[PDB]
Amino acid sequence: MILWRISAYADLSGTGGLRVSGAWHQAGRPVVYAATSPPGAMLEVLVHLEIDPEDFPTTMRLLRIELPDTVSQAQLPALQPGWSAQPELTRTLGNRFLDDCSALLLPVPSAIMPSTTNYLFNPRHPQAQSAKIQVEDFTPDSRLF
């Protein structure tokens, strides 16, 4: 399977979660947020961290994550309407997934687009070493603004 990450790092350590929290985790744990398509990763960053295209950092790297289709995937419990406005619930669900270390990936719904699935990546899981990563450079024919 193919996953995509947009960040300042060409690795999958996710060590920033030890300091900072997200929508699907509370700080104190390594975690990587990823999407199923390059625009999926870009749209989340631009909307949720409020970056205009002219301000898109030169430090960002589009990282292509290659994983075997046989990789372990956890599952979310059913979410009732209004879940996107309940940070305490979404952070708790991700915390338990990461702490239990049951599977490498956890698919989560997108809060912006319907029929769009994002992914949580647990680096502490043993199957994390099976990832093949590659940076896809932004070129004059493939960049915002």
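The first residue of the shown sequence is 1; numbering continues from there.
In this entry, 124-132 shows the higher mean Cα temperature factor of the pair 124-132 and 5-13.
In this crystal structure, the stretch out of 56-64 and 76-84 whose C-alpha atoms carry the higher mean B factor is 76-84. Across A103, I51, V31, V108, the entry's maximum B-factor at the CA atom is seen for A103. In this PDB entry, the Cα temperature factor of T90 sits in the middle third of its chain's modelled residues. When all modelled residues of the chain are sorted by CA temperature factor, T70 is found within the highest third.
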